[PDB]
Every structure is written in C-alpha cells, then in structure tokens.
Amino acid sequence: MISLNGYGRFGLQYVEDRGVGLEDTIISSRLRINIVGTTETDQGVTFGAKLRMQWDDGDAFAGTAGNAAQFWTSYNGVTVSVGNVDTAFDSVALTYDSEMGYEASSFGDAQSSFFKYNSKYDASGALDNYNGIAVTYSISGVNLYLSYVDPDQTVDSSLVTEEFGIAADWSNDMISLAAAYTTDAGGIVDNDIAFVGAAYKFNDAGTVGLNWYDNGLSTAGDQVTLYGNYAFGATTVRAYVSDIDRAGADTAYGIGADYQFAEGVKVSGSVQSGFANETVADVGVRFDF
C-alpha cells in the first residue's frame, strides 16, 4: 500500500533590519508531501519506506525533488529504521515545546548542531553516503530512542566520526520528563550534547515546562528555557524565555498564539526577540491534508 499525506503553510515573516537592500517582510511558505509505502504481514511484522518532497520559498531553481529514503521494520512496539533516520536528540518529547508562530520557531530551542532527518536533497554532496540506523521502543508510557549516524558509510570507519545518541521520555497525565545525550553530535569530534526537560500539566488547559541543555562545542554554552502555554477554547497562548552562557548575550523571549480554525487548520502568529537582540515576527496558516 502507498499513502500520501502532507501540509501547506503560508503567511508573513518579518525580520527587523534583515539586510541592506532587502525587504524585512516577505511571504514565507512551505509545501510538504510525504510518500509512504507499507507492507503488512500476517506475522505482525510491518515493513515501510518513506520519501519526502518539500518545497520552501527561496529554494534554488524554483523546483522540488525527493530526499533520501528511510526504511523501517516494526514488530511488537519495536521499530528498527535505516537510511535517512530520525535521531534520538531530535525525536525525544518536550525539547521543541516552546516553539510558536506559524513556522514553529523558538530561540529557546537548543542552540547546538546535531544530525536529524534530512527533509531535502543537499547540493554540496555532503550527504551522498550518509546512512543511519535507529531503534525506538515504547515500553509502558516510557519511550526509548537510539540512533547511530555514519556521515560516510563507504569510507573506512577510523577516518570518520560517527554520531551516537540516546534519549528517553516518560509521561503520566500531569508530569513529563525527558532526557537525551549524543556524542560527537553532527559528526564533530567532542561535540557532546545533552538535554533534560520536565513539564507540569497544571490543568487540562495549562502547561509550564523547563528544558536545560549542554550545547557541546557551540559558542552558546549551557542554556535554560522556561516556557508555558494556556488554552482558552480554540485559542492557545504561548510564551518562553531562554538564556545561554555566551558572554554579553541578551535574554531571548517570545509570545504567540494559535487559533484552531477547524480540524487540520491552524492560524498562528508570534513576536520573538533573540540572543543578539534580533526582532522577528510572523503570522500565517497551516493546513493538513
């Protein structure tokens, strides 16, 4: 069986003083199509493959192509994946929950470099022999993630730096906990990064959370992000504040809101301020199909 799913999003993206002779406000949009082939068996083992076709405004050649494939095998709560995999630091829960606006961005997200699923082709040729293996398991309300990424599988392994990561999250109805660690993140020797987060569902309506990072070799240093959200009917309000160790950085912050216009249709906007005082704002829609 082959299924197709995806989403479109478009709206206004504003970046204060974007650049000499550049407009500060543009129309930023994205079309994402996922192509999934699955083979179910009577033995309970499911095999699958996926491809993504993603277009973003500004893309080179005004064209869209597929990325590199991902393959998986699932059996009894265990999933093994190969090729262009989802990585542990990028898949744990809570680490991206301060994101807001129609482009789901936040200066409070980790400031480090690490491998993650590649949505598009890479013209530099850097990903041509990139191959990963990942294993996930949901044991109880516990989720475990493991990933191994080799940036160039064809070359003798002693010449390349491979990325290894682990993560786990756990949740009941009101508290959630998550942690991750990855060594040689992004294939950079000694760029070891870690995450610990927790969130409290202080209502069916509200949530407050705190994420802490060790950003490895990034110039940002350690980081802490405190964020929260509250739902009022169809509208959700969100906010966050984040600090990094880099000398002289400002405190980043943002405030935004989502409006659930209909099932699959979300209108969002946000106003944020970064670590270097950058001012960014957005407003737009996302529709799922």
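Numbers follow the displayed sequence, beginning with 1.
Look at the mean CA B-factor for 169 to 177 and for 105 to 113 in the entry; the higher one is 169 to 177.
Mean C-alpha B-factor is higher over 140 to 148 than over the other stretch, the pair under comparison being 119 to 127 and 140 to 148.
Considering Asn34, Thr225, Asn229, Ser29 together, the PDB entry gives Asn229 the largest C-alpha B factor. Among all modelled residues in its chain, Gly11 ranks in the lowest third by Cα B-factor. In this PDB entry, the Cα temperature factor of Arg52 sits in the bottom third of its chain's modelled residues, the lowest group. Per the PDB record, residue ranking by Cα B-factor puts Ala60 in the lowest third of the chain. Compared with the other modelled residues of the chain, the Cα B-factor recorded for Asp156 ranks in the highest third.
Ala88: CA B factor in the lowest third of modelled residues in this chain (values from the PDB entry).
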